[PDB]
$ cat query24.txt   # compact mmCIF, C-alpha atoms and all ligand atoms
# COMPACT_ATOMS: atom_id res chain seq x y z
CA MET A 1 -64.36 13.84 10.44
CA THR A 2 -66.49 14.37 13.55
CA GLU A 3 -64.41 16.66 15.74
CA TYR A 4 -64.93 17.71 19.36
CA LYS A 5 -63.32 20.99 20.44
CA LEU A 6 -62.37 20.67 24.06
CA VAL A 7 -60.77 23.20 26.42
CA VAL A 8 -59.02 22.42 29.71
CA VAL A 9 -59.43 25.29 32.25
CA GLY A 10 -58.68 25.85 35.94
CA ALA A 11 -56.09 27.35 38.31
CA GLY A 12 -52.36 27.07 37.87
CA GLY A 13 -50.85 23.76 38.96
CA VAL A 14 -53.95 21.56 39.19
CA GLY A 15 -52.81 19.09 36.52
CA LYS A 16 -54.46 20.30 33.29
CA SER A 17 -51.44 19.35 31.24
CA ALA A 18 -50.86 16.09 33.02
CA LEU A 19 -54.45 15.03 32.35
CA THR A 20 -54.29 15.97 28.71
CA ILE A 21 -50.91 14.36 28.08
CA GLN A 22 -52.01 11.24 29.86
CA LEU A 23 -54.89 11.19 27.36
CA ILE A 24 -52.96 12.22 24.21
CA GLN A 25 -49.86 10.09 24.92
CA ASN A 26 -50.53 7.66 27.76
CA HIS A 27 -47.80 8.78 30.15
CA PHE A 28 -47.41 11.09 33.16
CA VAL A 29 -45.65 14.46 33.11
CA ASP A 30 -43.88 16.03 36.09
CA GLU A 31 -41.74 19.06 35.19
CA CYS A 32 -41.50 22.81 35.93
CA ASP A 33 -43.36 24.28 32.98
CA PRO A 34 -45.43 27.50 33.29
CA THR A 35 -47.77 26.34 30.53
CA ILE A 36 -49.29 28.69 28.06
CA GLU A 37 -51.68 27.54 25.35
CA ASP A 38 -50.81 24.42 23.41
CA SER A 39 -53.27 22.22 21.51
CA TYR A 40 -53.28 18.46 21.07
CA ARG A 41 -55.21 16.45 18.41
CA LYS A 42 -55.81 12.67 18.48
CA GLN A 43 -58.21 10.36 16.71
CA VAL A 44 -59.94 8.10 19.19
CA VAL A 45 -63.03 5.90 19.41
CA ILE A 46 -65.90 6.87 21.71
CA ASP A 47 -68.98 4.62 21.90
CA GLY A 48 -68.36 3.28 18.39
CA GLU A 49 -67.95 6.78 16.90
CA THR A 50 -64.65 7.51 15.28
CA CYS A 51 -63.87 11.13 15.93
CA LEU A 52 -61.10 13.64 16.50
CA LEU A 53 -60.35 15.43 19.78
CA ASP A 54 -58.92 18.95 19.43
CA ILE A 55 -57.80 19.92 22.94
CA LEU A 56 -56.71 23.33 24.13
CA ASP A 57 -54.64 23.07 27.29
CA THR A 58 -54.83 26.57 28.86
CA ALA A 59 -52.40 28.41 31.12
CA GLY A 60 -53.36 28.76 34.80
CA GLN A 61 -53.46 32.56 35.09
CA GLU A 62 -54.74 34.70 37.99
CA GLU A 63 -55.70 37.53 35.63
CA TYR A 64 -58.57 37.26 33.16
CA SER A 65 -57.92 38.74 29.66
CA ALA A 66 -59.10 39.17 26.12
CA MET A 67 -56.20 37.07 24.80
CA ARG A 68 -57.32 34.09 26.92
CA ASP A 69 -60.91 34.75 25.63
CA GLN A 70 -59.49 34.73 22.02
CA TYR A 71 -58.19 31.21 22.67
CA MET A 72 -61.22 29.91 24.74
CA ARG A 73 -64.01 31.05 22.42
CA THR A 74 -63.06 28.38 19.84
CA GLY A 75 -63.93 25.59 22.27
CA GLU A 76 -67.13 23.53 22.26
CA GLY A 77 -66.78 21.77 25.64
CA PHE A 78 -64.82 22.64 28.81
CA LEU A 79 -63.06 20.44 31.27
CA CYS A 80 -63.06 22.43 34.53
CA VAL A 81 -60.23 21.04 36.69
CA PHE A 82 -59.29 21.63 40.33
CA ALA A 83 -56.97 19.61 42.56
CA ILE A 84 -58.59 17.91 45.56
CA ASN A 85 -55.82 19.06 47.92
CA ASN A 86 -55.99 22.71 46.75
CA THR A 87 -59.03 24.49 48.18
CA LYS A 88 -58.40 27.77 46.37
CA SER A 89 -58.49 25.92 43.00
CA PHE A 90 -61.93 24.54 44.01
CA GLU A 91 -63.28 27.99 44.94
CA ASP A 92 -62.05 29.28 41.55
CA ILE A 93 -64.35 26.90 39.67
CA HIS A 94 -67.19 29.40 40.14
CA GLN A 95 -65.17 32.06 38.33
CA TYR A 96 -64.29 29.74 35.47
CA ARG A 97 -67.90 28.62 35.05
CA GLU A 98 -68.84 32.33 34.89
CA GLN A 99 -65.94 33.09 32.58
CA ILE A 100 -66.86 30.27 30.20
CA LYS A 101 -70.56 31.27 30.05
CA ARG A 102 -69.69 34.88 29.25
CA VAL A 103 -67.07 33.96 26.61
CA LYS A 104 -69.53 31.55 24.82
CA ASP A 105 -72.41 33.95 25.44
CA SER A 106 -74.66 31.10 26.54
CA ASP A 107 -76.39 29.78 29.62
CA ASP A 108 -75.76 26.06 28.88
CA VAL A 109 -72.25 25.25 27.64
CA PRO A 110 -70.98 21.56 27.70
CA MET A 111 -68.94 21.25 30.84
CA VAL A 112 -67.67 18.75 33.28
CA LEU A 113 -66.02 19.27 36.68
CA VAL A 114 -62.78 17.35 37.31
CA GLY A 115 -61.17 16.81 40.73
CA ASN A 116 -57.60 15.82 39.92
CA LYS A 117 -54.74 14.30 41.97
CA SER A 118 -56.87 11.44 43.37
CA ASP A 119 -53.72 9.46 44.14
CA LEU A 120 -52.86 12.04 46.87
CA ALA A 121 -54.11 11.49 50.42
CA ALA A 122 -55.25 13.96 53.06
CA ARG A 123 -57.61 15.74 50.65
CA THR A 124 -58.79 19.22 51.48
CA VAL A 125 -62.00 18.99 49.34
CA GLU A 126 -64.39 16.22 50.19
CA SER A 127 -65.88 14.40 47.28
CA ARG A 128 -69.43 14.94 48.55
CA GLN A 129 -69.14 18.74 48.26
CA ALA A 130 -67.63 18.79 44.73
CA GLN A 131 -70.34 16.33 43.62
CA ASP A 132 -72.86 18.67 45.20
CA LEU A 133 -71.25 21.61 43.34
CA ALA A 134 -71.58 19.88 39.91
CA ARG A 135 -75.21 18.87 40.70
CA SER A 136 -76.14 22.42 41.75
CA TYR A 137 -74.66 23.37 38.32
CA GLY A 138 -76.42 20.44 36.55
CA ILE A 139 -73.23 18.92 35.17
CA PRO A 140 -71.29 15.76 35.68
CA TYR A 141 -68.51 15.32 38.21
CA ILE A 142 -65.55 13.03 37.58
CA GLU A 143 -62.58 12.33 39.87
CA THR A 144 -59.12 11.68 38.30
CA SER A 145 -55.38 11.12 38.57
CA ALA A 146 -53.02 12.06 35.82
CA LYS A 147 -50.54 9.84 37.76
CA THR A 148 -52.41 6.51 37.88
CA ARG A 149 -54.67 7.39 34.83
CA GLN A 150 -57.76 6.43 36.89
CA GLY A 151 -60.80 8.39 35.67
CA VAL A 152 -59.00 10.22 32.88
CA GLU A 153 -60.83 8.62 29.93
CA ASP A 154 -64.07 8.99 31.88
CA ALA A 155 -63.60 12.71 32.40
CA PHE A 156 -62.82 13.56 28.75
CA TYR A 157 -65.31 11.06 27.26
CA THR A 158 -68.09 12.35 29.59
CA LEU A 159 -67.43 15.88 28.19
CA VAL A 160 -67.76 14.65 24.60
CA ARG A 161 -71.09 13.09 25.68
CA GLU A 162 -72.09 16.52 27.00
CA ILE A 163 -71.07 18.06 23.62
CA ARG A 164 -73.13 15.48 21.73
CA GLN A 165 -76.18 16.15 24.01
CA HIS A 166 -76.22 19.97 23.76
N1 LIG B 201 -49.66 13.29 42.42
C1 LIG B 201 -50.20 13.91 41.39
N2 LIG B 201 -49.57 14.99 40.86
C2 LIG B 201 -50.16 15.60 39.80
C3 LIG B 201 -51.38 15.19 39.24
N3 LIG B 201 -51.70 16.01 38.19
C4 LIG B 201 -50.72 16.91 38.11
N4 LIG B 201 -49.76 16.67 39.08
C5 LIG B 201 -48.54 17.43 39.33
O1 LIG B 201 -48.95 18.73 39.71
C6 LIG B 201 -48.04 19.69 39.19
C7 LIG B 201 -48.78 20.60 38.23
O2 LIG B 201 -49.22 19.90 37.09
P1 LIG B 201 -49.48 20.69 35.72
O3 LIG B 201 -50.07 19.68 34.78
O4 LIG B 201 -48.22 21.35 35.28
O5 LIG B 201 -50.58 21.78 36.18
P2 LIG B 201 -51.31 22.87 35.28
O6 LIG B 201 -52.75 23.01 35.70
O7 LIG B 201 -51.08 22.61 33.82
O8 LIG B 201 -50.57 24.21 35.68
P3 LIG B 201 -50.46 25.58 34.81
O9 LIG B 201 -50.12 25.25 33.37
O10 LIG B 201 -49.36 26.49 35.35
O11 LIG B 201 -51.77 26.34 34.83
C8 LIG B 201 -46.93 18.91 38.50
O12 LIG B 201 -45.89 18.72 39.44
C9 LIG B 201 -47.62 17.61 38.13
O13 LIG B 201 -46.78 16.48 37.91
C10 LIG B 201 -52.01 14.08 39.80
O14 LIG B 201 -53.11 13.60 39.42
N5 LIG B 201 -51.40 13.49 40.88
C1 LIG B 202 -39.70 25.73 38.43
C2 LIG B 202 -40.25 27.14 38.63
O1 LIG B 202 -41.45 27.28 38.82
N1 LIG B 202 -39.43 28.21 38.62
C3 LIG B 202 -37.99 28.16 38.39
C4 LIG B 202 -39.97 29.56 38.79
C5 LIG B 202 -39.49 30.23 40.08
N2 LIG B 202 -40.06 29.58 41.26
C6 LIG B 202 -39.16 28.70 42.01
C7 LIG B 202 -41.37 29.79 41.67
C8 LIG B 202 -42.23 30.64 40.94
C9 LIG B 202 -43.54 30.85 41.34
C10 LIG B 202 -44.04 30.23 42.47
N3 LIG B 202 -45.37 30.46 42.86
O2 LIG B 202 -45.69 31.58 43.23
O3 LIG B 202 -46.19 29.56 42.83
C11 LIG B 202 -43.23 29.39 43.22
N4 LIG B 202 -43.53 28.69 44.35
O4 LIG B 202 -42.33 28.01 44.66
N5 LIG B 202 -41.32 28.30 43.71
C12 LIG B 202 -41.89 29.16 42.82
MG MG B 203 -50.12 23.25 32.07
MG MG B 204 -76.07 21.58 30.30

$ encode --input "query24.txt" --output "structure tokens" --more "lines below"
Ligand SMILES: Nc1nc2c(ncn2[C@@H]2O[C@H](COP(=O)(O)OP(=O)(O)OP(=O)(O)O)[C@@H](O)[C@H]2O)c(=O)[nH]1
Ligand SMILES: *CC(=O)N(C)CCN(C)c1ccc([N+](=O)[O-])c2nonc12
Ligand SMILES: [Mg+2]
Ligand SMILES: [Mg+2]
Amino acid sequence: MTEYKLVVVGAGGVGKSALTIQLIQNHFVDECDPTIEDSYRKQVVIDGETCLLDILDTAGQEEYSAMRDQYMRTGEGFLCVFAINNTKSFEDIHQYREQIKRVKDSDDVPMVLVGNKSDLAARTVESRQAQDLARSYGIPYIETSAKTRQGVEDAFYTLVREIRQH
């Protein structure tokens, strides 16, 4: 079957697991769990194509490492998540982008930028600037909430469309 190898990357606590679980299982998580690596697999339909998603939900570390590389290098497409009320997580996106490019040894890797927690008010990252970030990178930008599920299919399905198009 047509599989898409996705990887969910970004700083600790931005909602990587909540996004993924909301997509695998259609409910919201909210518990104290210092993720590590855990992969999900579900057969879904995207634009009339039956396919499998194989999703690696990474740990939010503050140290790079070979082990993380060992996990990441399997991926085809990367969902780069920050939280819109966490400015440091937004600044980190540059380091992930760089990290992903080096790990895949390529200049153009399928990638989408996600700004999660859209249900929360008093944002600290304006949409305009994140959109501008993605555009300066030449990639799509999607906003999302693991809580309300708004945008969550759009973010993951836009990444598969980036995988198909590279
Ligand atoms: N309100 C709201 N809370 C969210 C959202 N996404 C995640 N959270 C909460 O934010 C916290 C962190 O979510 P996680 O999914 O554990 O974050 P993570 O990126 O996997 O963190 P690490 O695994 O440690 O790297 C939890 O309390 C979640 O319930 C969201 O869209 N809205
Ligand atoms: C639920 C949980 O995270 N713990 C029991 C770990 C210990 N606590 C309470 C903890 C760890 C790390 C950080 N942090 O640096 O982000 C915490 N911030 O508030 N409590 C933290
Ligand atoms: Mg997690
Ligand atoms: Mg590209």

$ closest_residue --input "query24.txt" --among "A:55, A:23, A:8, A:46" --to "residue A:111" --atoms "all atoms listed in the file"
A:8

$ closest_atom_pairs --input "query24.txt" --of "chain A" --to "ligand MG 204 (chain B)" --cutoff "6 Å" --atoms "all atoms listed in the file" --output "Markdown table"
| residue | atom | partner | partner_atom | distance |
| --- | --- | --- | --- | --- |
| A:108 | CA | B:MG204 | MG | 4.7 |
| A:109 | CA | B:MG204 | MG | 5.9 |
| A:110 | CA | B:MG204 | MG | 5.7 |

$ residues_near_ligand --input "query24.txt" --ligand "ligand MG 203 (chain B)" --cutoff "10 Å" --atoms "all atoms listed in the file" --output "PDB file with C-alpha atoms, in the coordinates of the input"
ATOM      1  CA  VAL A   8     -59.020  22.420  29.710  1.00  0.00           C
ATOM      2  CA  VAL A   9     -59.430  25.290  32.250  1.00  0.00           C
ATOM      3  CA  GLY A  10     -58.680  25.850  35.940  1.00  0.00           C
ATOM      4  CA  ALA A  11     -56.090  27.350  38.310  1.00  0.00           C
ATOM      5  CA  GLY A  12     -52.360  27.070  37.870  1.00  0.00           C
ATOM      6  CA  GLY A  13     -50.850  23.760  38.960  1.00  0.00           C
ATOM      7  CA  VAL A  14     -53.950  21.560  39.190  1.00  0.00           C
ATOM      8  CA  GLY A  15     -52.810  19.090  36.520  1.00  0.00           C
ATOM      9  CA  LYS A  16     -54.460  20.300  33.290  1.00  0.00           C
ATOM     10  CA  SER A  17     -51.440  19.350  31.240  1.00  0.00           C
ATOM     11  CA  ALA A  18     -50.860  16.090  33.020  1.00  0.00           C
ATOM     12  CA  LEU A  19     -54.450  15.030  32.350  1.00  0.00           C
ATOM     13  CA  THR A  20     -54.290  15.970  28.710  1.00  0.00           C
ATOM     14  CA  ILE A  21     -50.910  14.360  28.080  1.00  0.00           C
ATOM     15  CA  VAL A  29     -45.650  14.460  33.110  1.00  0.00           C
ATOM     16  CA  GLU A  31     -41.740  19.060  35.190  1.00  0.00           C
ATOM     17  CA  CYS A  32     -41.500  22.810  35.930  1.00  0.00           C
ATOM     18  CA  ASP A  33     -43.360  24.280  32.980  1.00  0.00           C
ATOM     19  CA  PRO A  34     -45.430  27.500  33.290  1.00  0.00           C
ATOM     20  CA  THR A  35     -47.770  26.340  30.530  1.00  0.00           C
ATOM     21  CA  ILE A  36     -49.290  28.690  28.060  1.00  0.00           C
ATOM     22  CA  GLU A  37     -51.680  27.540  25.350  1.00  0.00           C
ATOM     23  CA  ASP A  38     -50.810  24.420  23.410  1.00  0.00           C
ATOM     24  CA  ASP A  57     -54.640  23.070  27.290  1.00  0.00           C
ATOM     25  CA  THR A  58     -54.830  26.570  28.860  1.00  0.00           C
ATOM     26  CA  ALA A  59     -52.400  28.410  31.120  1.00  0.00           C
ATOM     27  CA  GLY A  60     -53.360  28.760  34.800  1.00  0.00           C
TER      28      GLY A  60
END

$ atom_distance --input "query24.txt" --atom1 "atom CA of residue A:143" --atom2 "atom CA of residue A:99"
22.3 Å

$ atom_distance --input "query24.txt" --atom1 "atom CA of residue A:125" --atom2 "atom CA of residue A:88"
9.9 Å

$ residues_around --input "query24.txt" --residues "stretch 129-134 of chain A" --least-positions-apart "4" --cutoff "8 Å" --atoms "only C-alpha atoms" --output "list in words"
residues 112, 113, 115, 125, 138, 139, 140 and 141 of chain A

$ write_last_selection --input "query24.txt" --atoms "C-alpha atoms" --output "PDB file, in the frame of the given file"
ATOM      1  CA  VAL A 112     -67.670  18.750  33.280  1.00  0.00           C
ATOM      2  CA  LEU A 113     -66.020  19.270  36.680  1.00  0.00           C
ATOM      3  CA  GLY A 115     -61.170  16.810  40.730  1.00  0.00           C
ATOM      4  CA  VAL A 125     -62.000  18.990  49.340  1.00  0.00           C
ATOM      5  CA  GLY A 138     -76.420  20.440  36.550  1.00  0.00           C
ATOM      6  CA  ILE A 139     -73.230  18.920  35.170  1.00  0.00           C
ATOM      7  CA  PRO A 140     -71.290  15.760  35.680  1.00  0.00           C
ATOM      8  CA  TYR A 141     -68.510  15.320  38.210  1.00  0.00           C
TER       9      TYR A 141
END

$ closest_residue --input "query24.txt" --among "A:136, A:50, A:39, A:144" --to "ligand LIG 201 (chain B)" --atoms "all atoms listed in the file"
A:144

$ axis_aligned_box --input "query24.txt" --around "stretch 28-40 of chain A" --padding-each-side "6 Å" --output "JSON"
{"center_x": -47.4, "center_y": 19.9, "center_z": 28.6, "size_x": 23.8, "size_y": 29.6, "size_z": 27.0}

$ residues_around --input "query24.txt" --residues "residue A:2" --least-positions-apart "2" --cutoff "10 Å" --atoms "only C-alpha atoms" --output "list in words"
residues 4, 43, 49, 50, 51, 52 and 53 of chain A

$ closest_residue --input "query24.txt" --among "A:71, A:77, A:84, A:102" --to "residue A:122" --atoms "all atoms listed in the file"
A:84

$ atom_distance --input "query24.txt" --atom1 "atom CA of residue A:86" --atom2 "atom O5 of ligand LIG 201 (chain B)"
11.9 Å

$ closest_residue --input "query24.txt" --among "A:117, A:83, A:62, A:28" --to "ligand LIG 202 (chain B)" --atoms "all atoms listed in the file"
A:62

$ residues_near_point --input "query24.txt" --point "(-51.2, 11.1, 40.0)" --cutoff "7 Å" --atoms "only C-alpha atoms" --output "NGL selection string"
:A and (117-119 or 145-148)

$ closest_residue --input "query24.txt" --among "A:5, A:41, A:161, A:166" --to "residue A:78" --atoms "only C-alpha atoms"
A:5

$ closest_residue --input "query24.txt" --among "A:6, A:72, A:1, A:121" --to "residue A:104" --atoms "all atoms listed in the file"
A:72

$ residues_around --input "query24.txt" --residues "residue A:95" --least-positions-apart "5" --cutoff "10 Å" --atoms "only C-alpha atoms" --output "PyMOL selection string"
chain A and resi 10+64+90+100-101

$ build_atoms --input "query24.txt" --residues "stretch 97-119 of chain A" --atoms "N, CA and C atoms" --output "short mmCIF file (atom, residue, chain, number, x, y, z; two decimals), in the coordinates of the input"
data_model
loop_
_atom_site.label_atom_id
_atom_site.label_comp_id
_atom_site.auth_asym_id
_atom_site.auth_seq_id
_atom_site.Cartn_x
_atom_site.Cartn_y
_atom_site.Cartn_z
N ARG A 97 -66.55 28.84 35.58
CA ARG A 97 -67.90 28.62 35.05
C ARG A 97 -68.37 29.97 34.49
N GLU A 98 -68.30 31.02 35.29
CA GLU A 98 -68.84 32.33 34.89
C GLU A 98 -68.11 32.79 33.63
N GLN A 99 -66.80 32.64 33.65
CA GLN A 99 -65.94 33.09 32.58
C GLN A 99 -66.31 32.36 31.28
N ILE A 100 -66.54 31.07 31.38
CA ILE A 100 -66.86 30.27 30.20
C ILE A 100 -68.22 30.71 29.61
N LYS A 101 -69.20 30.91 30.48
CA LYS A 101 -70.56 31.27 30.05
C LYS A 101 -70.50 32.60 29.31
N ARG A 102 -69.77 33.55 29.85
CA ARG A 102 -69.69 34.88 29.25
C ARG A 102 -68.98 34.83 27.88
N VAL A 103 -67.87 34.11 27.84
CA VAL A 103 -67.07 33.96 26.61
C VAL A 103 -67.91 33.29 25.48
N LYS A 104 -68.71 32.28 25.81
CA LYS A 104 -69.53 31.55 24.82
C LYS A 104 -70.91 32.19 24.67
N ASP A 105 -71.14 33.24 25.44
CA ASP A 105 -72.41 33.95 25.44
C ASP A 105 -73.59 32.99 25.47
N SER A 106 -73.58 32.07 26.42
CA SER A 106 -74.66 31.10 26.54
C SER A 106 -74.84 30.70 27.98
N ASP A 107 -76.04 30.21 28.28
CA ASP A 107 -76.39 29.78 29.62
C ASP A 107 -76.13 28.27 29.89
N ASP A 108 -75.95 27.50 28.81
CA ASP A 108 -75.76 26.06 28.88
C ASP A 108 -74.65 25.72 27.89
N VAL A 109 -73.44 25.60 28.41
CA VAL A 109 -72.25 25.25 27.64
C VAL A 109 -71.80 23.87 28.15
N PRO A 110 -71.45 22.90 27.27
CA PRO A 110 -70.98 21.56 27.70
C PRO A 110 -69.75 21.68 28.59
N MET A 111 -69.86 21.05 29.73
CA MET A 111 -68.94 21.25 30.84
C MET A 111 -68.98 20.09 31.77
N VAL A 112 -67.81 19.78 32.29
CA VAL A 112 -67.67 18.75 33.28
C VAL A 112 -66.67 19.26 34.34
N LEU A 113 -66.90 18.87 35.59
CA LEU A 113 -66.02 19.27 36.68
C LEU A 113 -65.08 18.10 36.94
N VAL A 114 -63.77 18.38 37.07
CA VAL A 114 -62.78 17.35 37.31
C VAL A 114 -62.09 17.66 38.65
N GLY A 115 -62.01 16.68 39.55
CA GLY A 115 -61.17 16.81 40.73
C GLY A 115 -59.96 15.90 40.55
N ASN A 116 -58.83 16.53 40.25
CA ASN A 116 -57.60 15.82 39.92
C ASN A 116 -56.69 15.63 41.14
N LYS A 117 -55.70 14.77 40.95
CA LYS A 117 -54.74 14.30 41.97
C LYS A 117 -55.33 13.29 42.97
N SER A 118 -56.17 12.38 42.49
CA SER A 118 -56.87 11.44 43.37
C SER A 118 -55.95 10.42 44.01
N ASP A 119 -54.73 10.32 43.53
CA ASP A 119 -53.72 9.46 44.14
C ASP A 119 -53.27 10.05 45.50
#
